[PDB]
Each structure stands twice: as C-alpha cells, then as structure tokens.
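Undergrad: So I pulled this structure from the PDB, and the sequence comes with it:
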Amino acid sequence: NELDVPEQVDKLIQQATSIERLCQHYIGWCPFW
C-alpha cells in the first residue's frame with residue numbers, strides 16, 4: 001500500500017530542498033534523509 005502515509009512529512013520532504021541546502025551549506029548534517 002502507499003506506505004507514504006506521512007503527510008506533514010511529504011510536505012516537509014518536498015520542502016526539505018531547503019533544510020538540505022542548510023546543513024549541506026551551513027552545518028552539513030542531514031542523515032534523516
């Protein structure tokens with residue numbers, strides 16, 4: 001089934017294009033991906 005039930009997650013993920021740019025740029029720690 002669509003194991004992708006997490007919603008605020010998918011949005012966050014879809015919006016993680018930033019949080020990723022943050023760590024990778026400022027810090028560099030984004031393993032939750």
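TA: Looks like it came in fine. Numbering: from 1, shown residues only.
Undergrad: got the contact list for residue 12?
TA: Contacts of residue 12 were listed using Cβ atoms under 8 Å, 6 or more residues apart in numbering, and they are residue 19. The way it works is simple: take the backbone N, C-alpha and C, and place the C-beta from them, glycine included.
Undergrad: could you measure it against residue 6, distance?
TA: Per Cβ to Cβ, to the nearest Å, residue 12 is found 9 Å from residue 6.
Undergrad: where's residue 31, which helix or strand?
TA: Assigning secondary structure by DSSP states H and E places residue 31 outside every helix and strand.
Undergrad: Count the neighbours of it for me.
TA: For residue 31, the tally of surrounding residues (other Cβ atoms under 10 Å) stands at 5.
Undergrad: How about residue 23?
TA: Once other Cβ under 10 Å is used to define contacts, residue 23 is seen to have 15 neighbours.
Undergrad: ok, it - contacts?
TA: Going by Cβ under 8 Å, 6+ apart, the list of residues near residue 23 reads 29, 30.
Undergrad: Got phi/psi on residue 27?
TA: phi -90, psi -80 (degrees, to the nearest 10).
Undergrad: correction: residue 25
TA: Its backbone dihedrals place residue 25 at phi -100, psi -70, with angles given as degrees, to the nearest 10.
Undergrad: The one 4 residues further on too?
TA: According to degrees, to the nearest 10, the main-chain angles of residue 29 amount to phi -140, psi 90.
Undergrad: Just give the nearest non-adjacent residue to it, would you?
TA: In space, residue 29 comes closest to residue 23 once its chain neighbours are excluded; the distance is 5.1 Å by Cβ to Cβ, 6 or more residues apart in numbering.
Undergrad: Can you say which helix or strand has the one you found in it?
TA: Using DSSP H and E, residue 23 falls in helix 7-25.
Undergrad: Okay, buried residues for that helix please.
TA: Within helix 7-25, the residues that qualify as buried by neighbour count (16 or more other Cβ atoms under 10 Å) are residue 16.
Undergrad: my guess is residue 4 contacts residue 13, does it?
TA: No: with contact taken as Cβ atoms under 8 Å, residue 4 and residue 13 are classed as non-touching, separated by 9.3 Å.
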